[PDB]
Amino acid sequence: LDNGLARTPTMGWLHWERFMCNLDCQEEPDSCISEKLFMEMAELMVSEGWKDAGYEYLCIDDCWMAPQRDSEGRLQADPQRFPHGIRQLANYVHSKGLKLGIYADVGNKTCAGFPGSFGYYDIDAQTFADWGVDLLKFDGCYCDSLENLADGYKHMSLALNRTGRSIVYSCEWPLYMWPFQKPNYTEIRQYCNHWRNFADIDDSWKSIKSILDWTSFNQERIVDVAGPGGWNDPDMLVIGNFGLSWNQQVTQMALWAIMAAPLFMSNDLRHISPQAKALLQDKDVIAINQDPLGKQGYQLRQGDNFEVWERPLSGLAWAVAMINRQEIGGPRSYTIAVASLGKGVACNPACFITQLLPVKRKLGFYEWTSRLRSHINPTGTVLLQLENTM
């Protein structure tokens, strides 16, 4: 979408995976979806270095709405959970130097069952602009027909544009086409800043694997469409929660960098391990994700339960990730000819190789004819950066 936004993948925090649709403020006041949750997160995004690392969008997912529209046909924030309204939350967020994201749905209802924007696109776009919203995530539930789906996504894109406010537009259009029609990404890119392709992530290695496998399976369709202003969205980072081993977390961070993915954390910033924080704030890995050239990476090789992915970067550099998918035994040795990397130009006549994950260390110069040997933990990933010089 040519609105000057998302020139690099959008970075931020999104409540959904960790907090979901928790409406019970009596029993669980500190984790229900409320204005206090978001205000506390916004404070921590500043004080704990997240904004400095690049995480600038604080995003509200489903279950912020009251069950009914107001008398003027507007969506309204839940009166008990957001008693001061969204405008005041947006102002609070803006006062911290952050941007506010919000959620809505193209059909008759949101996926959690609250009011949808079908029949109200202009009104909802105008409401969001008036409130000071900076990002809209626009979901595809309860939309009966595919032509209503596409028209809805287009209409909302145009309506947001007509407000004159700069709003990042995050779509789920291709995901909801999945069963019925081949998405046209040229068309989607024209109307959206990013688009969800695959089923919702959860806090599990099974989920990370299916997203990676669906992406490499479909890379020939989707990798080239991506670029400044328009990204594939493989869903939230779930690092710092409960279901991933340390090595599986490293794998997610490295591969979301390779994929030029938007980086939306979904975790509890109040209770996050120092290890998870350092990984999510890793400046060299973030610099790969945020590379100005914005060329999405891809799977180069798979065999013997190993996978090699690579991403072309600016300045003739390359990022390379090697994943060990064998979920038994110990660290396994993997060797690759550096002449196979970067279409044969990454290390001709030579390249300097730096390991970024799981720990940072300089590996030295590698001649075009040389071999790279690595040891990769099960379910883990080694991430490398290849450069002309150190």
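Sequential numbering from 1, following the sequence displayed. Rigid core here is just the name for the largest C-alpha set that superposes within 1.5 Å across the two forms.
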{"property": "Rigid core superposition result in 7 other deposited structures of this protein, more deviant of 174 to 182, 151 to 159 by Cα", "result": "174 to 182"}
{"property": "6 to 14 versus 370 to 378 - which carries the larger mean C-alpha B factor in the record", "result": "370 to 378"}
{"property": "Of 27 to 35 and 54 to 62, the stretch whose C-alpha atoms average the higher B-factor in the entry", "result": "27 to 35"}
{"property": "Residue, from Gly297, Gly230, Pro83, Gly140, that the PDB entry assigns the highest Cα B-factor", "result": "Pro83"}
{"property": "Which of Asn193, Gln181, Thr215, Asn247 ranks first by CA B-factor in the deposited coordinates", "result": "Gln181"}
{"property": "Entry-reported Cα temperature factor of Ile328, expressed as the chain third it lands in", "result": "middle"}
{"property": "Lowest, middle or highest third - CA B-factor, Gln88", "result": "highest"}
{"property": "Modelled-residue ranking by C-alpha temperature factor, third containing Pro262", "result": "lowest"}
{"property": "Where the record places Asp124 (Cα B-factor, split into thirds across the chain)", "result": "middle"}
{"property": "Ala346 CA temperature factor, ranked by third within the chain", "result": "highest"}
